[PDB]
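This document starts with one chain, in the form deposited in one PDB entry, laid out as structure tokens.
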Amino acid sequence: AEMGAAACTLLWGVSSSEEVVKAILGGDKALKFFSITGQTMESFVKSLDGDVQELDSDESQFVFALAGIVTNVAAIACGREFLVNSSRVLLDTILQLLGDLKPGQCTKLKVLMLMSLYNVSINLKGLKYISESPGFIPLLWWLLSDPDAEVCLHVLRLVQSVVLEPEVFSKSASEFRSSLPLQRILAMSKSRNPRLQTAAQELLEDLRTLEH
């Protein structure tokens, strides 16, 4: 339990290098690593119906290392490419767990998960997969109602990534912008948190730029 999280934390540290990411891609075949990662993350959040955060514990540290590794892998071009081809079930689990986590519950896990979804959205197929996932727009609205500013920032960063780049750019992406919580984005553009204010400011400038 303690040994498992220590190994995962070391792996999270070394996964910041492309060379290590290439080496973990391929290893998932005989270990089922990305398949069992989603199961471990799913098992963790389902184990805590109550309690907002059980921090410092080796159980949370283990899943933080897991989401941190998924983010660091997705940060590398072939890593996000591998995830959207092989580990679509892990992406499903991340998207599901973000909607299953109530506001204020496991804030650091939600940020890490949102950072991996932004990274996979850099890949063309990964953007298609995330945006076309069930209840995606209701999820964006749900995550923006979180009181934590860092969570809101990473939802806006994902929304900006989805807004940019043609999703055919005809009426599929035109309807997407209309369905955003524009009232909340404007409230966050006047935020006292400077990182959040600038993210909502930049997303608003992008939304206004693409307005017909």
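Only residues modelled in both forms are compared. C-alpha atoms forming the largest set that superposes within 1.5 Å between two forms make up the rigid core. In case it trips you up, residue 1 is the first one in the sequence shown, and so on.
Remark: stretch with higher mean C-alpha B factor among 49-57 and 64-72 is 49-57. Across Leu196, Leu203, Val14, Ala23, the greatest Cα temperature factor reported in the deposited entry is at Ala23. The PDB entry assigns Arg184 a C-alpha temperature factor belonging to the middle third of its chain's modelled residues. Among all modelled residues in its chain, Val162 ranks in the middle third by Cα B-factor. In this PDB entry, the Cα temperature factor of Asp148 sits in the middle third of its chain's modelled residues.
Heads up, the form deposited in another entry isn't pictured, but that's what we're talking about next.
With the rigid core aligned between this form and the one not shown, the listed residues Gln61, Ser174, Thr40, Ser35 include just one Cα displaced by at least 2 Å, namely that of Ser174. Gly26: CA moves 2 Å or more between this form and the one not shown after rigid-core fitting. Figure legend: C-alpha atoms of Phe169 and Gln96, shown here, are separated by at least 3 angstroms less in the other form. In the other form, the CA atoms of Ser170 and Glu132 draw together by 3 angstroms or more relative to this form. 26-31, 165-176 are the runs of three or more consecutive shared residues whose C-alphas all shift by 2 Å or more between this form and the one not shown after the rigid core is superposed.
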